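First the structure, in the form of structure tokens, and then the observations on it.
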Amino acid sequence: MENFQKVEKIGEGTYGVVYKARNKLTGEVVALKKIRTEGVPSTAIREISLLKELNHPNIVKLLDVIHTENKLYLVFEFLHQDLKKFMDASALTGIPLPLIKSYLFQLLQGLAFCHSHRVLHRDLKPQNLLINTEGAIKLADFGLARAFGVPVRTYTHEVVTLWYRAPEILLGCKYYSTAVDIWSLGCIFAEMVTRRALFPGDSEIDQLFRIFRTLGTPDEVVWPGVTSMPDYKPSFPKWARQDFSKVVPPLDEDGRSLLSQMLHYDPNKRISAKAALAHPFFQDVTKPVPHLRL
Ligand SMILES: COc1ccc(O)c(-c2nc(N)nc(N)n2)c1
């Protein structure tokens, strides 16, 4: 793997570290994800390789999937900045609402695309959302959990982010649906608006309880079957739902209603990416140019 010259390390994902690198021969700049290790599931590299066919303006292009030295390398087109960095950079002033709306709209288009192709992300977070100078935003690292699975931590002892995990995952559901990505996106949307994580849990139970304290402890009324979920305990405290206008001020009612639909407890009631795109919140969507400091 010396076809490059690891320009630099740029991040650490749940499935592995990401590097910025230039191809010695072609001179192209790409992002290299190294996936943690002496076997690798059979259908894994096959399933991941299929992702190379995925082409959508809001999905980071997967250029190559190489298996060498028992290691797995994903070569991605390189985008210049991740949403986490941009959010931190915009923490004093905040991301303008029209830009937030644009990003949410584009992200939903990208999810609508993947979900229609039966591809789920399962680990969406600000770190794997990439932006460019032209106002586009793209999702990176889809279908990795389906091909592999959520490990103990990361390739090299890291603190996995739980803040964007859907409640059905926290409750131990064996089968998840595309609804998990809508939940994560809802959490990201809220964070872009308030400039603070919606549910910053430090543990799985703290994550779950933070959700409960805000949205109310779920019951059979709002979520049929929740009390029979694997990790559900009748001992969970019963918090009453908080007034929603407290959740994402000062987002307007259209944004709040859309967000509430993205955060429904029942995966079956949670809005789909396709239905969300038709929400009145996007009636006036535009495509602003962000102020990016590279
Ligand atoms: C699949 O993961 C990817 C794919 C393509 C990418 O450009 C990135 C990325 N890019 C930047 N600039 N920063 C950071 N932190 N990451 C990450």
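Atom set for the values below is all heavy atoms of this structure, side chains included, hydrogens, waters and symmetry mates excluded. Order of listing sets the numbers, starting from 1, for every ligand and every atom in it. If you read the sequence from its start, that first residue is 1, and numbering goes on from there.
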Is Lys6 positioned over the aromatic face of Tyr19, cation under 6.0 angstrom from the ring centre and no more than 45 degrees off axis?
->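 That pair qualifies as a cation-pi contact.
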List, ordered by chain and residue number, the protein residues whose closest non-hydrogen atom lies under 4.0 Å from any atom of ligand 1.
->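 Within 4.0 Å of ligand 1, the protein residues are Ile10, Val18, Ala31, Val60, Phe76, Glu77, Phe78, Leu79, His80, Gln81, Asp82, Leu130, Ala140, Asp141.
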So, are [X] and [Y] salt-bridged, with charged N and O less than 4.0 Å apart?
X	Y	value
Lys125	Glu191	no
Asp284	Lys101	yes
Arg210	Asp206	yes
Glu77	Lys138	yes

Check: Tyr155/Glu12 side-chain N/O donor and acceptor closer than 3.5 Å |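 Indeed, the side chains of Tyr155 and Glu12 share at least one donor-acceptor pair under 3.5 Å.
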